[PDB]
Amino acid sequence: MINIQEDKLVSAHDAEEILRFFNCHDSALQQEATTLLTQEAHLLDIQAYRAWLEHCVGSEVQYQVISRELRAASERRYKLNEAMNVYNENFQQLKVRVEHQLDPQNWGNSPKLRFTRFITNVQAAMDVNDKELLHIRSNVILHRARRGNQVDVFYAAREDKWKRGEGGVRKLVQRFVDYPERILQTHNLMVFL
């Protein structure tokens, strides 16, 4: 539907993702994707980070969250690095972050943090070429509370690819988030979106 020459504010990437979901709707797949994301979020909320890695994350994963520099809507000359990577992790890098969370000398984890995740707007579509892969889009509100009066709320859209895996255990092979706030007001982004 979308024509980005007419819909002036829409990026080419965003228009490509619309196209992927508006065509070929499979209600069963949507429900399966909802279940999968709800279970992933539950594992993360209870800080079962090893179980999350083992049950939900593929060996070939790219887990990426970018921060895009603010540029003029009419900019066409300046061509330097548009974004930086808050996260751009392979499996081993995720494992390092999980070990950091679980280390008993991670002083910032005492008293124990409290996480609550809200997953919405789930859409799913099979990849056209690789039948092991499912494209899942979802939005997340993540609430992190700690130390009596610290509360940080994160908001994001997630563009994921999940592989079928084996034995029905679906695993994340790519997560991409373009974080919407340029200057963070949550102390850090030390959370798994």
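Note that residue numbering begins at 1 and tracks the sequence as displayed. Here the rigid core means the biggest group of C-alpha atoms that line up within 1.5 Å when the two forms are laid on top of each other.
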May I ask which stretch, 51-59 or 157-165, sits farther from the shown form in 8 other deposited structures of this protein once every structure is superposed on the core, judging by RMS CA distance? 157-165
If you line up the core and then measure how far each C-alpha sits from this form in 8 other deposited structures of this protein, which stretch comes out higher, 23-31 or 41-49? 23-31
Regarding 140-148 and 28-36, which shows the higher C-alpha temperature factor on average in the entry? 28-36
If you average the CA temperature factors over each stretch, which comes out higher, 122-130 or 46-54? 122-130
Highest recorded C-alpha temperature factor, please, choosing from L172, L184, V177, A12. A12
Thinking about Cα B factors across the chain, which third does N81 belong to? highest
Going by the recorded CA B-factors, say which third of the chain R164 sits in, lowest, middle or highest. highest
Of the three thirds of its chain by CA temperature factor, lowest, middle or highest, which one includes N90? middle
For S74, the third of its chain into which the C-alpha B factor falls: highest
Entry-reported Cα temperature factor of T116, expressed as the chain third it lands in: lowest
